[PDB]
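Asks:
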Amino acid sequence: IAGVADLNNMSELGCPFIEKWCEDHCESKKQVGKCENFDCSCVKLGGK
């Protein structure tokens, strides 16, 4: 279960309705944010 056996996880093309919510959280943290198709991840450098 926890290893998932799935590739390219943090591509926003696999989570394009979720990238919005990750930007909203990581913005509060001064990060840019990205989605990993189940949760979010806060990249400190970014800009799409």
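Using mature numbering (1 follows the signal peptide of the UniProt record, and there is no 0), the first residue of the sequence shown is number 18, and each one after it goes up by one.
Every residue, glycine too, gets a C-beta built ideally from N, C-alpha and C.
1. Quick one: grab the DSSP three-state call for residue 39.
2. Could you tell me whether the Cβ atoms of residue 48 and residue 37 are closer together than 9 Å?
3. Here's a check: name, in chain order, each residue in its chain whose Cβ is nearer than 6 Å to the Cβ of residue 59, leaving out the five neighbours to either side.
Replies: On the basis of the data shown:
1. Reduced to three states, the DSSP call for residue 39 is helix.
2. No.
3. The answer, listed in chain order, is 43, 46, 48, 50.
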